[PDB]
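A.B. asks: Sending over upload37.cif (mmCIF, C-alpha atoms and all ligand atoms).
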```cif
data_start
loop_
_atom_site.label_atom_id
_atom_site.label_comp_id
_atom_site.auth_asym_id
_atom_site.auth_seq_id
_atom_site.Cartn_x
_atom_site.Cartn_y
_atom_site.Cartn_z
CA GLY A 96 -30.13 -6.05 21.28
CA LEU A 97 -31.07 -2.41 20.52
CA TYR A 98 -31.88 -3.24 16.89
CA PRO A 99 -32.94 -6.46 15.17
CA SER A 100 -30.45 -8.59 13.32
CA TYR A 101 -30.39 -7.63 9.66
CA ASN A 102 -28.19 -10.67 8.95
CA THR A 103 -31.25 -12.43 7.64
CA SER A 104 -30.15 -14.45 4.57
CA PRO A 105 -26.44 -15.24 5.20
CA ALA A 106 -25.04 -17.09 2.20
CA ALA A 107 -22.33 -19.77 1.86
CA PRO A 108 -18.79 -18.27 1.42
CA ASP A 109 -18.08 -17.71 -2.29
CA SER A 110 -14.57 -16.96 -3.65
CA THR A 111 -15.87 -16.70 -7.23
CA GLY A 112 -14.39 -13.55 -8.71
CA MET A 113 -12.77 -12.59 -5.35
CA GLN A 114 -9.32 -14.08 -6.13
CA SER A 115 -7.09 -10.94 -5.73
CA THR A 116 -5.51 -10.18 -2.32
CA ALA A 117 -5.60 -6.60 -1.09
CA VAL A 118 -2.16 -6.11 -2.50
CA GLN A 119 -3.11 -7.48 -5.96
CA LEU A 120 -6.32 -5.46 -5.98
CA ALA A 121 -4.22 -2.38 -5.19
CA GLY A 122 -1.86 -2.94 -8.13
CA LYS A 123 -4.87 -2.59 -10.44
CA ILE A 124 -5.54 1.00 -9.16
CA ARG A 125 -3.55 4.18 -9.86
CA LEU A 126 -6.09 6.97 -10.02
CA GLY A 127 -9.45 7.39 -8.34
CA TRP A 128 -12.37 9.89 -8.29
CA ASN A 129 -14.83 10.69 -5.54
CA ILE A 130 -18.47 11.25 -6.36
CA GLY A 131 -18.49 14.01 -3.80
CA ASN A 132 -21.55 15.95 -2.63
CA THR A 133 -23.84 13.35 -4.23
CA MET A 134 -24.91 10.06 -2.55
CA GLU A 135 -23.91 11.44 0.93
CA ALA A 136 -25.71 14.74 0.52
CA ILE A 137 -28.04 15.45 3.36
CA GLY A 138 -31.60 15.95 2.17
CA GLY A 139 -31.17 13.57 -0.80
CA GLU A 140 -28.83 12.65 -3.69
CA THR A 141 -29.59 15.95 -5.55
CA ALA A 142 -29.76 18.23 -2.48
CA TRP A 143 -26.21 19.65 -2.85
CA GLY A 144 -26.37 20.87 -6.44
CA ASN A 145 -25.35 17.72 -8.21
CA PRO A 146 -27.67 15.54 -10.23
CA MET A 147 -28.31 11.85 -9.63
CA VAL A 148 -25.32 9.68 -10.63
CA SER A 149 -25.78 8.58 -14.24
CA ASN A 150 -24.10 5.99 -16.35
CA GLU A 151 -23.05 8.84 -18.60
CA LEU A 152 -20.96 10.34 -15.69
CA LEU A 153 -19.34 7.03 -14.84
CA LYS A 154 -18.51 6.45 -18.51
CA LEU A 155 -16.93 9.93 -18.57
CA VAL A 156 -14.89 9.05 -15.41
CA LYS A 157 -13.60 5.88 -16.92
CA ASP A 158 -13.12 7.59 -20.34
CA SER A 159 -11.24 10.43 -18.71
CA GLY A 160 -8.65 7.99 -17.25
CA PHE A 161 -9.72 6.92 -13.72
CA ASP A 162 -9.55 3.34 -12.53
CA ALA A 163 -11.83 3.54 -9.45
CA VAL A 164 -14.46 5.65 -7.73
CA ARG A 165 -15.10 6.38 -4.12
CA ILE A 166 -18.78 6.85 -3.44
CA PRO A 167 -19.49 8.44 -0.22
CA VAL A 168 -22.95 7.46 0.98
CA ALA A 169 -25.38 8.77 3.60
CA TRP A 170 -27.57 6.25 5.37
CA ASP A 171 -28.80 7.49 8.74
CA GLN A 172 -31.33 9.93 7.17
CA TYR A 173 -32.89 6.99 5.14
CA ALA A 174 -33.27 4.65 8.12
CA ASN A 175 -36.01 4.19 10.65
CA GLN A 176 -34.61 5.54 13.88
CA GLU A 177 -36.37 2.94 16.21
CA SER A 178 -35.27 -0.11 14.16
CA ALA A 179 -32.29 1.15 12.08
CA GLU A 180 -33.94 -0.25 8.94
CA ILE A 181 -32.74 1.47 5.83
CA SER A 182 -35.23 2.30 3.02
CA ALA A 183 -35.29 -0.47 0.42
CA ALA A 184 -35.60 2.19 -2.23
CA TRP A 185 -32.31 3.79 -1.06
CA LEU A 186 -30.73 0.37 -0.88
CA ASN A 187 -31.77 -0.36 -4.45
CA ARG A 188 -30.52 3.11 -5.53
CA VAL A 189 -27.06 2.40 -4.08
CA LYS A 190 -26.96 -1.04 -5.75
CA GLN A 191 -28.03 0.53 -9.02
CA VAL A 192 -25.02 3.00 -8.85
CA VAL A 193 -22.59 0.26 -7.84
CA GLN A 194 -23.82 -1.88 -10.77
CA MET A 195 -23.33 0.96 -13.25
CA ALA A 196 -19.80 1.77 -12.06
CA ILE A 197 -18.84 -1.85 -12.44
CA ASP A 198 -20.45 -1.90 -15.93
CA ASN A 199 -17.94 0.84 -16.76
CA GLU A 200 -15.18 -1.43 -15.42
CA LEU A 201 -14.52 0.82 -12.42
CA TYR A 202 -13.30 -0.31 -9.00
CA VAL A 203 -15.75 1.04 -6.45
CA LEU A 204 -15.45 1.83 -2.75
CA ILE A 205 -18.69 2.42 -0.74
CA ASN A 206 -18.57 3.88 2.68
CA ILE A 207 -20.69 5.25 5.36
CA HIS A 208 -19.71 8.99 5.30
CA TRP A 209 -19.97 11.71 7.96
CA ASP A 210 -23.58 11.06 7.47
CA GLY A 211 -24.99 13.71 9.82
CA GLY A 212 -22.34 12.85 12.37
CA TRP A 213 -23.84 9.95 14.28
CA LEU A 214 -20.55 7.96 14.42
CA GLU A 215 -17.96 10.29 12.94
CA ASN A 216 -18.31 12.99 15.68
CA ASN A 217 -18.95 10.45 18.47
CA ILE A 218 -15.81 8.29 18.96
CA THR A 219 -16.32 8.38 22.70
CA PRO A 220 -16.99 5.85 25.45
CA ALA A 221 -20.47 7.27 26.09
CA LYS A 222 -21.65 6.63 22.52
CA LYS A 223 -19.72 3.45 21.84
CA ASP A 224 -22.49 0.94 22.58
CA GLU A 225 -25.31 2.70 20.67
CA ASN A 226 -22.90 3.46 17.77
CA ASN A 227 -21.64 -0.10 17.66
CA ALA A 228 -25.28 -1.36 17.39
CA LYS A 229 -26.09 1.10 14.53
CA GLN A 230 -22.80 0.34 12.75
CA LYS A 231 -23.69 -3.35 12.83
CA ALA A 232 -27.38 -2.90 11.75
CA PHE A 233 -26.38 -0.69 8.81
CA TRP A 234 -23.46 -2.78 7.73
CA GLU A 235 -25.52 -6.02 7.88
CA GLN A 236 -28.08 -4.31 5.62
CA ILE A 237 -25.57 -2.61 3.29
CA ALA A 238 -23.40 -5.68 2.69
CA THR A 239 -26.40 -8.04 2.46
CA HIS A 240 -27.87 -5.93 -0.33
CA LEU A 241 -24.47 -5.59 -2.14
CA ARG A 242 -23.25 -9.12 -1.38
CA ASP A 243 -23.15 -10.47 -4.98
CA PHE A 244 -20.87 -7.95 -6.62
CA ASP A 245 -17.40 -9.29 -7.35
CA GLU A 246 -14.04 -7.74 -6.34
CA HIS A 247 -14.65 -4.52 -8.17
CA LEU A 248 -16.60 -3.50 -5.10
CA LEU A 249 -14.83 -2.57 -1.85
CA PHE A 250 -16.33 -1.39 1.40
CA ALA A 251 -14.87 1.32 3.77
CA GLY A 252 -16.36 1.29 7.23
CA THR A 253 -16.19 4.94 8.14
CA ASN A 254 -15.09 8.27 6.75
CA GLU A 255 -13.14 10.55 9.06
CA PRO A 256 -13.78 9.26 12.56
CA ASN A 257 -12.88 11.96 15.00
CA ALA A 258 -10.41 10.06 17.25
CA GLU A 259 -7.91 12.54 18.73
CA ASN A 260 -6.20 10.34 21.49
CA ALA A 261 -5.63 6.68 22.53
CA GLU A 262 -8.90 6.31 24.45
CA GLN A 263 -10.83 7.47 21.36
CA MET A 264 -8.64 5.30 19.17
CA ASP A 265 -9.76 2.18 21.17
CA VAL A 266 -13.39 3.13 20.58
CA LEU A 267 -12.63 3.67 16.87
CA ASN A 268 -10.98 0.14 16.83
CA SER A 269 -14.16 -1.26 18.19
CA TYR A 270 -16.19 0.51 15.45
CA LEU A 271 -13.89 -0.98 12.81
CA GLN A 272 -14.19 -4.49 14.27
CA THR A 273 -18.01 -4.40 14.22
CA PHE A 274 -17.76 -3.25 10.60
CA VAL A 275 -15.56 -6.19 9.68
CA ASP A 276 -17.64 -8.72 11.69
CA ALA A 277 -20.96 -7.37 10.22
CA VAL A 278 -19.74 -7.61 6.66
CA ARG A 279 -18.21 -11.13 7.06
CA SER A 280 -21.33 -12.62 8.85
CA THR A 281 -23.47 -12.07 5.66
CA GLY A 282 -21.28 -14.62 3.82
CA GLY A 283 -21.29 -14.93 0.10
CA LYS A 284 -18.61 -12.87 -1.53
CA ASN A 285 -18.58 -10.75 1.60
CA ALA A 286 -16.44 -13.43 3.34
CA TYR A 287 -13.49 -12.54 1.06
CA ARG A 288 -14.21 -8.92 0.03
CA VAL A 289 -11.43 -6.37 0.44
CA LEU A 290 -12.41 -3.97 3.26
CA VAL A 291 -10.86 -0.51 3.90
CA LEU A 292 -10.37 0.77 7.48
CA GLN A 293 -9.90 4.37 8.51
CA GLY A 294 -7.11 6.02 10.47
CA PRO A 295 -8.14 8.42 13.18
CA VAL A 296 -9.50 11.47 11.43
CA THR A 297 -7.91 9.94 8.31
CA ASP A 298 -5.03 12.18 9.44
CA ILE A 299 -1.55 10.80 8.64
CA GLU A 300 0.14 12.10 11.80
CA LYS A 301 -2.46 10.85 14.30
CA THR A 302 -2.62 7.53 12.48
CA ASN A 303 1.17 7.05 12.77
CA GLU A 304 0.86 8.11 16.40
CA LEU A 305 -2.25 6.14 17.49
CA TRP A 306 -2.88 3.18 15.17
CA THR A 307 -2.05 -0.29 16.58
CA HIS A 308 -3.53 -3.37 14.77
CA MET A 309 -6.01 -4.16 11.95
CA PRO A 310 -9.26 -5.54 13.26
CA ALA A 311 -9.35 -9.33 13.39
CA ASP A 312 -10.60 -10.95 10.21
CA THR A 313 -11.54 -14.55 9.18
CA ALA A 314 -10.29 -13.53 5.71
CA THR A 315 -6.51 -13.46 4.87
CA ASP A 316 -4.81 -10.41 3.26
CA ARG A 317 -8.07 -8.66 2.49
CA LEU A 318 -7.65 -5.25 4.34
CA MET A 319 -6.43 -1.82 3.29
CA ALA A 320 -5.94 1.35 5.35
CA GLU A 321 -7.32 4.74 4.54
CA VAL A 322 -5.99 8.30 5.03
CA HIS A 323 -7.06 11.64 3.55
CA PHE A 324 -4.92 14.67 2.54
CA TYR A 325 -5.65 18.35 2.53
CA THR A 326 -2.21 19.51 3.69
CA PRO A 327 -1.60 22.32 3.99
CA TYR A 328 -5.07 23.58 4.95
CA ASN A 329 -4.10 27.16 4.16
CA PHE A 330 -3.67 26.38 0.45
CA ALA A 331 -6.18 23.52 0.01
CA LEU A 332 -9.36 24.67 1.82
CA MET A 333 -8.85 27.97 3.67
CA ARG A 334 -11.35 30.60 2.45
CA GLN A 335 -10.67 33.56 4.77
CA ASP A 336 -7.76 34.67 6.89
CA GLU A 337 -7.83 34.07 10.60
CA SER A 338 -5.69 35.75 13.27
CA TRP A 339 -3.54 32.56 13.42
CA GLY A 340 -2.62 32.34 9.72
CA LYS A 341 -3.23 33.56 6.18
CA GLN A 342 -4.71 31.68 3.16
CA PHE A 343 -2.10 30.44 0.65
CA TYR A 344 -2.99 31.28 -3.00
CA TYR A 345 0.21 29.74 -4.41
CA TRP A 346 2.15 26.54 -4.00
CA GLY A 347 5.09 24.58 -5.35
CA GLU A 348 8.62 25.44 -6.52
CA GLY A 349 8.31 27.56 -9.66
CA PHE A 350 5.01 29.15 -8.87
CA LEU A 351 5.59 31.38 -5.84
CA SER A 352 4.74 35.05 -5.94
CA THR A 353 7.13 37.96 -5.56
CA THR A 354 4.55 40.86 -5.27
CA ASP A 355 2.05 39.36 -2.68
CA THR A 356 4.54 36.97 -0.86
CA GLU A 357 2.23 36.59 2.16
CA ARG A 358 0.09 34.19 0.00
CA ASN A 359 3.06 31.87 -0.52
CA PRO A 360 3.29 28.81 1.82
CA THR A 361 4.89 29.20 5.23
CA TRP A 362 4.75 25.34 5.38
CA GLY A 363 3.28 22.16 3.74
CA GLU A 364 5.39 22.10 0.63
CA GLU A 365 7.00 19.28 -1.32
CA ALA A 366 9.27 17.89 1.38
CA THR A 367 6.53 17.71 3.99
CA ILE A 368 4.26 15.70 1.61
CA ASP A 369 7.25 13.41 0.92
CA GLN A 370 7.63 13.01 4.68
CA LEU A 371 4.01 12.27 5.57
CA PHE A 372 3.53 9.81 2.68
CA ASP A 373 6.72 8.10 4.00
CA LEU A 374 5.08 7.68 7.37
CA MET A 375 2.31 5.55 5.76
CA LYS A 376 4.73 3.58 3.48
CA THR A 377 6.48 2.42 6.69
CA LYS A 378 3.42 1.81 8.89
CA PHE A 379 1.31 -0.13 6.33
CA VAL A 380 2.58 -0.45 2.72
CA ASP A 381 5.85 -2.17 3.85
CA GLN A 382 3.92 -4.45 6.21
CA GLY A 383 1.92 -5.65 3.08
CA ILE A 384 -1.19 -3.43 3.75
CA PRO A 385 -2.12 -1.05 0.98
CA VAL A 386 -3.09 2.49 1.81
CA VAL A 387 -6.07 4.23 0.27
CA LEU A 388 -5.54 7.97 -0.05
CA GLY A 389 -9.35 8.39 -0.01
CA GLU A 390 -9.57 12.08 -0.52
CA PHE A 391 -7.33 15.01 -1.60
CA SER A 392 -7.82 18.25 -3.52
CA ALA A 393 -7.00 21.94 -3.36
CA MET A 394 -9.88 24.22 -4.12
CA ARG A 395 -10.04 26.70 -7.05
CA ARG A 396 -9.73 30.39 -6.19
CA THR A 397 -11.52 31.98 -9.16
CA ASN A 398 -12.23 35.06 -6.99
CA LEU A 399 -8.68 35.94 -7.98
CA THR A 400 -8.04 37.90 -11.10
CA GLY A 401 -5.07 38.65 -13.30
CA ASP A 402 -1.54 37.46 -12.90
CA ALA A 403 -2.69 36.32 -9.46
CA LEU A 404 -5.25 33.85 -10.99
CA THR A 405 -2.82 32.57 -13.57
CA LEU A 406 -0.21 31.88 -10.84
CA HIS A 407 -2.61 30.23 -8.41
CA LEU A 408 -3.97 27.87 -11.08
CA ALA A 409 -0.48 26.85 -12.14
CA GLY A 410 0.35 25.94 -8.51
CA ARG A 411 -3.03 24.18 -7.91
CA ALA A 412 -2.49 22.11 -10.99
CA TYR A 413 1.04 21.02 -9.85
CA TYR A 414 -0.03 20.23 -6.30
CA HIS A 415 -2.44 17.55 -7.60
CA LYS A 416 0.29 16.24 -9.93
CA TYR A 417 2.76 16.01 -7.06
CA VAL A 418 0.45 14.42 -4.54
CA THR A 419 -0.87 11.99 -7.18
CA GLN A 420 2.70 11.08 -8.29
CA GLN A 421 4.35 10.97 -4.81
CA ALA A 422 1.49 8.88 -3.29
CA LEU A 423 1.79 6.36 -6.09
CA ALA A 424 5.56 6.33 -5.72
CA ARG A 425 5.00 5.13 -2.12
CA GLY A 426 2.12 2.63 -2.52
CA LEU A 427 -0.73 5.03 -1.71
CA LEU A 428 -3.72 4.91 -4.12
CA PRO A 429 -4.85 8.41 -4.76
CA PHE A 430 -8.55 9.42 -4.99
CA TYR A 431 -9.29 12.97 -6.02
CA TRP A 432 -11.97 14.76 -3.93
CA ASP A 433 -14.56 16.24 -6.43
CA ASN A 434 -17.51 18.09 -4.85
CA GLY A 435 -19.04 18.66 -8.28
CA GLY A 436 -18.84 22.46 -8.07
CA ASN A 437 -17.39 24.61 -10.88
CA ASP A 438 -17.69 27.86 -8.97
CA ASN A 439 -15.20 29.49 -6.56
CA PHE A 440 -13.86 27.51 -3.53
CA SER A 441 -15.13 24.29 -5.28
CA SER A 442 -13.34 21.16 -6.54
CA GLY A 443 -15.41 19.80 -9.47
CA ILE A 444 -13.30 18.92 -12.50
CA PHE A 445 -16.39 17.61 -14.40
CA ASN A 446 -19.44 19.60 -15.29
CA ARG A 447 -22.10 17.22 -13.91
CA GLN A 448 -24.96 18.99 -15.65
CA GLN A 449 -23.40 18.39 -19.12
CA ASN A 450 -21.21 15.27 -18.56
CA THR A 451 -18.12 17.24 -19.77
CA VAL A 452 -14.65 18.27 -18.51
CA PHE A 453 -14.62 21.62 -16.80
CA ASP A 454 -11.09 21.71 -15.46
CA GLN A 455 -8.88 20.11 -18.08
CA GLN A 456 -5.74 21.47 -16.42
CA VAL A 457 -6.28 19.66 -13.10
CA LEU A 458 -7.43 16.48 -14.96
CA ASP A 459 -4.14 16.74 -16.95
CA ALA A 460 -2.09 16.94 -13.63
CA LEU A 461 -3.68 13.86 -12.07
CA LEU A 462 -3.18 12.04 -15.31
CA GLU A 463 0.48 13.14 -15.90
CA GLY A 464 0.99 12.43 -12.18
CA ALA A 465 -0.32 8.85 -12.65
CA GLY A 466 1.25 8.39 -16.13
CA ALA A 467 4.84 8.84 -14.98
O1 LIG B 1 -26.08 20.48 5.71
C1 LIG B 1 -25.02 19.55 5.97
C2 LIG B 1 -24.15 19.92 7.18
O2 LIG B 1 -22.76 19.60 6.92
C3 LIG B 1 -21.80 19.94 7.95
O3 LIG B 1 -20.44 19.87 7.47
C4 LIG B 1 -20.08 18.47 7.27
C5 LIG B 1 -20.37 17.95 5.88
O4 LIG B 1 -19.69 18.78 4.93
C6 LIG B 1 -20.28 18.89 3.64
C7 LIG B 1 -19.14 19.49 2.83
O5 LIG B 1 -18.32 18.37 2.49
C8 LIG B 1 -17.20 18.76 1.69
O6 LIG B 1 -16.34 17.63 1.50
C9 LIG B 1 -15.71 17.14 2.70
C10 LIG B 1 -15.71 15.60 2.66
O7 LIG B 1 -17.06 15.19 2.76
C11 LIG B 1 -14.88 15.10 3.88
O8 LIG B 1 -14.65 13.71 3.89
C12 LIG B 1 -13.53 15.79 3.81
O9 LIG B 1 -12.71 15.49 4.85
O10 LIG B 1 -13.71 17.16 4.06
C13 LIG B 1 -14.31 17.77 2.92
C14 LIG B 1 -14.26 19.25 3.31
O11 LIG B 1 -13.99 19.89 2.08
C15 LIG B 1 -17.60 19.36 0.33
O12 LIG B 1 -16.49 19.76 -0.52
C16 LIG B 1 -18.46 20.58 0.64
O13 LIG B 1 -19.06 21.13 -0.50
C17 LIG B 1 -19.60 20.17 1.54
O14 LIG B 1 -20.34 21.32 1.92
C18 LIG B 1 -21.72 21.24 1.58
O15 LIG B 1 -21.75 21.69 0.23
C19 LIG B 1 -23.06 21.88 -0.35
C20 LIG B 1 -22.92 22.26 -1.86
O16 LIG B 1 -22.62 23.65 -2.21
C21 LIG B 1 -21.31 24.14 -1.84
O17 LIG B 1 -20.25 23.38 -2.44
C22 LIG B 1 -20.34 23.36 -3.87
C23 LIG B 1 -20.09 24.78 -4.34
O18 LIG B 1 -20.05 24.79 -5.75
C24 LIG B 1 -21.17 25.71 -3.76
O19 LIG B 1 -20.87 27.05 -4.14
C25 LIG B 1 -21.19 25.61 -2.24
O20 LIG B 1 -22.25 26.39 -1.66
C26 LIG B 1 -23.84 22.93 0.44
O21 LIG B 1 -25.17 23.01 -0.18
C27 LIG B 1 -25.96 24.11 0.33
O22 LIG B 1 -26.68 23.88 1.55
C28 LIG B 1 -27.03 25.13 2.13
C29 LIG B 1 -27.83 24.92 3.42
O23 LIG B 1 -28.59 26.11 3.75
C30 LIG B 1 -27.88 25.90 1.13
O24 LIG B 1 -27.77 27.23 1.62
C31 LIG B 1 -27.39 25.88 -0.31
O25 LIG B 1 -28.50 26.30 -1.06
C32 LIG B 1 -26.98 24.47 -0.72
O26 LIG B 1 -26.41 24.32 -2.03
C33 LIG B 1 -23.85 22.53 1.93
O27 LIG B 1 -24.41 23.54 2.80
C34 LIG B 1 -22.46 22.20 2.50
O28 LIG B 1 -22.71 21.62 3.78
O29 LIG B 1 -19.88 16.62 5.67
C35 LIG B 1 -18.47 16.50 5.85
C36 LIG B 1 -18.16 16.93 7.28
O30 LIG B 1 -16.74 16.87 7.45
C37 LIG B 1 -18.59 18.37 7.53
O31 LIG B 1 -18.35 18.71 8.89
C38 LIG B 1 -22.00 21.35 8.46
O32 LIG B 1 -21.33 21.48 9.68
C39 LIG B 1 -23.45 21.72 8.77
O33 LIG B 1 -23.54 23.08 9.34
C40 LIG B 1 -24.28 21.42 7.50
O34 LIG B 1 -23.96 22.15 6.27
CL CL B 2 7.87 22.29 3.41
#
```
What would you get if you wrote out this structure as structure tokens?
Ligand SMILES: OC[C@H]1O[C@@H](O[C@H]2[C@@H](OC[C@H]3O[C@@H](O[C@H]4[C@H](O)[C@@H](O)[C@H](O)O[C@@H]4CO)[C@H](O)[C@@H](O)[C@@H]3O[C@@H]3O[C@H](CO[C@H]4OC[C@@H](O)[C@H](O)[C@H]4O)[C@@H](O[C@@H]4O[C@H](CO)[C@@H](O)[C@H](O)[C@H]4O)[C@H](O)[C@H]3O)OC[C@@H](O)[C@@H]2O)[C@H](O)[C@@H](O)[C@H]1O
Ligand SMILES: [Cl-]
C.D. replies:
Amino acid sequence: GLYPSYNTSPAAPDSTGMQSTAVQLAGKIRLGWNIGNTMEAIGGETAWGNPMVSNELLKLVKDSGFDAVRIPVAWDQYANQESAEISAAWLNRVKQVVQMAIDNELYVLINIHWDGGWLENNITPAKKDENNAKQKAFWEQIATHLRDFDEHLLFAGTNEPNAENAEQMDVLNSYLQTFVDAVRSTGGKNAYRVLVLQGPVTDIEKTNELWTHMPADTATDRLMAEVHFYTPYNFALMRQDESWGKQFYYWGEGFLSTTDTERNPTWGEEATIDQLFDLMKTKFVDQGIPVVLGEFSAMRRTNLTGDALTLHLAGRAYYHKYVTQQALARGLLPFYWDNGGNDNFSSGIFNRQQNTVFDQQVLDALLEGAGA
């Protein structure tokens, strides 16, 4: 008993406003937005250049055409390290954001994120016991505090747990079980609440490879799976060339270069996306388990100039359209990764300072990709 029980006021099970199964819940969602670099930012909510989440932002997200938000959250840095007690002020701040998103009729998914790495980088036997205890303490607290929200609120137990092999996968399964058990033991609406569980590294391939069973649940048909998508790295996030490969500036049929052809994709084009998303359709969607596509986006390269810029941006725009559209086609619910930035190598499509659209052309792609 490393930490005290934070399961202090467990309520009676309450199905009020928790009527939708995972699958029904998932039919209500077709486009999602991440509040990236915000509630997970190390040093505080405003420490990574974004301002505090405001109702105005959430209204803009719903106005702009999204159905749900994913709110990565940091926790470890706000908790007493001897007792694993999380600051009541932080807890009230998270509740406040959840309440506002739901006031804007958004679905909401709250996680524990990388969060300084305590769990996410430590899916190993040596850390399993201490991590299991912290996972339980935090989740008891988190779910207790958020217990009364109806089915607009989902929980996701981890972010991108670094499980690379079967041994690490079994540790990750443990972490997911504790997350389920923690949440359910607090009762109330948390007995029926749709929970979201993460594939190893949220990587499609390693999930297909290593995943086995959902954790056991007292609830019935109340679990989703989660993967992320930044394929191919070279286009989506690569910022410099390495010896092993070059950055892709361009992507998609119609938008490849003929002058600088070395910045066209050598891989990770349309068919591959089709193929990976098919792996998850088979493993989960067709077994009646929706898949959250929790993060995707390809960064802007505004350090380009000229014909180069114009081409890049056309390809970037289509990539988001294609991923949005092909994920939906196969039962994956796509959530755009937005780190708030409007500068180079960033992914913000809103201007957080002004509560306005910065990147209409990418917002258009996600929308056309959902609206079709
Ligand atoms: O200090 C934190 C610590 O973080 C460690 O990396 C881990 C951490 O990444 C944060 C980055 O997350 C990106 O999103 C990821 C998402 O969370 C994952 O789920 C997804 O799989 O992968 C995504 C990868 O893309 C997010 O897009 C990144 O922005 C973020 O990086 C942090 O960004 C902030 C904000 O500014 C930058 O982005 C916005 C731009 O407009 C701007 O131009 C950029 O500079 C950075 O803030 C800065 O902090 C430095 C510190 O000195 C100051 O110099 C600067 O003034 C201040 O603005 C921040 O540094 C950067 O970390 O969480 C996800 C995990 O996967 C990563 O491993 C690093 O290893 C540590 O070294 C350390 O930074
Ligand atoms: Cl390809």
A.B. asks: For a quick check of understanding, using all atoms listed in the file, which of A:263, A:176, A:329, A:437 has the smallest distance to residue 225 in chain A?
C.D. replies: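 Checking each of A:263, A:176, A:329, A:437 against residue 225 in chain A, counting all atoms listed in the file, the winner is A:176.
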A.B. asks: Ligand CL 2 (chain B): which residues are within 7 Å, counting all atoms listed in the file? Reply as a PDB file with C-alpha atoms, in the coordinates of the input.
C.D. replies:
```pdb
ATOM      1  CA  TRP A 362       4.750  25.340   5.380  1.00  0.00           C
ATOM      2  CA  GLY A 363       3.280  22.160   3.740  1.00  0.00           C
ATOM      3  CA  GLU A 364       5.390  22.100   0.630  1.00  0.00           C
ATOM      4  CA  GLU A 365       7.000  19.280  -1.320  1.00  0.00           C
ATOM      5  CA  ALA A 366       9.270  17.890   1.380  1.00  0.00           C
ATOM      6  CA  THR A 367       6.530  17.710   3.990  1.00  0.00           C
TER       7      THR A 367
END
```
A.B. asks: Would you pick out the contacts of range 384-396 of chain A at 6 Å or less, using only C-alpha atoms, so that residues sharing its chain but fewer than 6 positions from it are not included, and give the list as an NGL selection string?
C.D. replies: :A and (319-325 or 331-332 or 427-432 or 439-442)
A.B. asks: How many Å lie between CA of residue 246 in chain A and CA of residue 158 in chain A, rounded to one decimal?
C.D. replies: 20.8 Å
A.B. asks: Which distance in Å separates CA of residue 344 in chain A and CA of residue 415 in chain A, to one decimal?
C.D. replies: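 Separation between CA of residue 344 in chain A and CA of residue 415 in chain A: 14.5 Å.
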